[PDB]
Amino acid sequence: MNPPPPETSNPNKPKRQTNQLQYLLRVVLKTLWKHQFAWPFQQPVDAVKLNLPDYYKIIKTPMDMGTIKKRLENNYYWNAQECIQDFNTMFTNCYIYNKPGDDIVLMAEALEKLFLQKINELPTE
Ligand SMILES: CN1C(=O)c2cccc3c2C1=Cc1cccnc1N3Cc1cccc(C(N)=O)c1
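Each residue of the sequence shown is one higher than the one before, starting from 43 at the first, in the entry's author numbering.
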């Protein structure tokens, strides 16, 4: 059964736009989105649809690139490190819910490498 998805707006949280956050949307997220292994990570896990009633019994801080995309579009984040933390949470959730060698884990591993390649150098202020 599904919890509400993570928030993509929060009016008591201050917003910011930075060159690095713009890059995280235009380059990092929008490029990873197109990778052949991106599809599991483009939306919150629908545990009812996928018949994973344990998913949210294990994963307590869910995160996905659909949520990240919407947060970037809303200027939800204060800085690039906050957004990077959401990507890292998404990858780590996959490793936590699954185990080494699983197909979904191989997909996350490849996407994580591409993510790190792209954030290795960010634009400056
Ligand atoms: C983030 N996420 C998981 O952690 C996870 C664990 C098991 C199953 C899924 C996911 C998943 C996202 C997901 C999104 C859309 C449709 N289905 C999803 N699936 C199907 C799948 C993907 C790859 C391999 C298998 C398999 N068991 O071979 C099954």
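A virtual CB, placed ideally from N, CA and C, is assigned to each residue, including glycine.
Assuming contact is defined by CB atoms lying nearer than 8 angstroms, are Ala152 and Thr60 in contact in what I supplied?
no
Beta-carbon proximity check, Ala80 vs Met105, cutoff 8 angstroms
no
To test your reading of the DSSP string, which unbroken alpha helix (DSSP H) runs of 4 or more residues are found completely within the segment 118-167?
122-139 and 145-161
Given the structure, does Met43 come close to ligand 1, in the sense that its CB is under 7 angstroms from one of the ligand's heavy atoms?
no
Under 7 angstroms Cβ to Cβ from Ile161, same chain only, skipping five residues before and after it: list those, please.
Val70 and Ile126
Pick helix, strand or coil for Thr60, following the three-state DSSP scheme.
coil
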